[PDB]
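Structure first, then comments.
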Amino acid sequence: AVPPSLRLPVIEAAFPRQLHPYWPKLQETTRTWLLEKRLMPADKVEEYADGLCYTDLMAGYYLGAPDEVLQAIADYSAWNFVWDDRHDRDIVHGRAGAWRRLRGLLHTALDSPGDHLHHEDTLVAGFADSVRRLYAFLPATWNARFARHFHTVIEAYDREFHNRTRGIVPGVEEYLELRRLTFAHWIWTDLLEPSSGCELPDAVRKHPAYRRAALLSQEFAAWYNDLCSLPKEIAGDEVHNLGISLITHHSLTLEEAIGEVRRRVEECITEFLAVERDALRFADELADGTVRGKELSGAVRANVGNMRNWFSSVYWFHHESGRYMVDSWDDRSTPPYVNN
Ligand SMILES: CC[N+](CC)(CC)Cc1ccccc1
Ligand SMILES: [Mg+2]
Ligand SMILES: [Mg+2]
Ligand SMILES: [Mg+2]
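The numbering of the sequence shown is PDB author numbering, which starts it at 16 and goes up by one.
Below, the structure is given as structure tokens:
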């Protein structure tokens, strides 16, 4: 039963949820992986990991992924959550030296993950391990694009650090720019490709319908998050939230900001439904009747299919995950699953 303030009837009806069959194993393996890489304390894993629904999130998004591809993606994704928490704790404690070191450690590991599998900072070693596996699925051109995209994500996270320490709550249009990167829009978009086991030629993946569909899928997810994480983020002195920068710069009140964010989240859905028809038409014309044609077609179709799936996974993840249940924390500014 979703709060009316967060309820989106169109998702509930027109976007039926999906679940990868490897999910049950995925849940236990990724949990073990957080345990053995020491990414979270053992007693925080035992009592919170599964309840975080990190693996559920991805198993409802990357449908059709080879099991090991999914595993790589879920370990990486769960690492990303821990990184968000560490980034957040570096800010709350003003660990700028620590943050900056980590930052540079990450840029380096990204280009050279083998060399960092056993780095003393467990957060890095954990990064290097998932990244190393992600690079084993596709040609080095895909790997280079991922690194080029994730290099931008680290820097976006750096800008966030400069904003929170100062106090700068970005402008709405500025936030819209920053959010496509802090949410890692283009990472999730790249990982569509190993999930369907094909590196899409630029001509294919930059087709305007593929591009807009991909964009729209990611705007929904990110803006839904801001909507749903807004209470926990307010409590933790976040400044990075569409809700937040609407209040601050447009003098909308709480209930006015939430409404404008909701309206923008709904337009994503209906814009997605329009371009989805186009994306699928394209897939259907790729199939020129050659073996390569069938391959591109099937891969684009699957990717658009998973772009659609993201809507439902993200939606339900925000209501099933302990990550956002701030109303249950002894200290609302400090989530229990976080190392403080
Ligand atoms: C994992 C993606 N997420 C979780 C709500 C939306 C589906 C936001 C996110 C992006 C990047 C890092 C951490 C969280
Ligand atoms: Mg966060
Ligand atoms: Mg963040
Ligand atoms: Mg958030």
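From the three backbone atoms N, C-alpha and C, an ideal C-beta is built for every residue, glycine too.
Distance between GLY304 and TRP203, taken at the CA atoms: about 30 Å. Taking 9 Å as the cut-off, the Cβ atoms of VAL60 and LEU72 do not count as close.
The stretch 121 to 128 makes no contact with the stretch 190 to 197; the number of CB pairs closer than 8 Å stays below 3.
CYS213 is not a Cβ neighbour of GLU286, given a cutoff of 9 Å.
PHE152 places its beta carbon 9 Å or farther from that of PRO216. Collapsing the DSSP output to three states places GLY112 in a helix. Annotation for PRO24: the continuous alpha helix (DSSP H) segment containing it runs 24 to 29. The Cβ atoms of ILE169 and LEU125 lie closer than 9 Å to each other. The count of Cβ pairs closer than 8 Å, one atom from the stretch 276 to 290 and one from the stretch 221 to 239, reaches three, so the stretches are in contact. According to the DSSP assignment, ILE262 belongs to the alpha helix (DSSP H) that extends over 257 to 265. Uninterrupted alpha helix (DSSP H) stretches at least 4 residues long and entirely within the stretch 102 to 186 occur at 111 to 126, 137 to 149, 155 to 181, given in chain order. For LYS59, the uninterrupted alpha helix (DSSP H) run begins and ends at 57 to 67, by DSSP. As the crow flies, the alpha-carbon of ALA218 is around 15 Å from that of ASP205.
Within the chosen limit of 8 Å, ligand 2 does not reach the beta carbon of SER348 with any heavy atom. Taken atom to atom, the span from the alpha-carbon of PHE30 to that of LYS40 is near 25 Å. In this structure, the CA atom of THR263 is about 42 Å from the CA atom of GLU43. Contact holds between the stretch 170 to 183 and the stretch 97 to 109, because three or more Cβ pairs, one in each stretch, are under 8 Å apart.
The nearest non-hydrogen atom of ligand 1 is 8 Å or more from the C-beta of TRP201. The shortest CA-to-CA distance from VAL187 to any of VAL97, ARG296, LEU261 is the one to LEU261.
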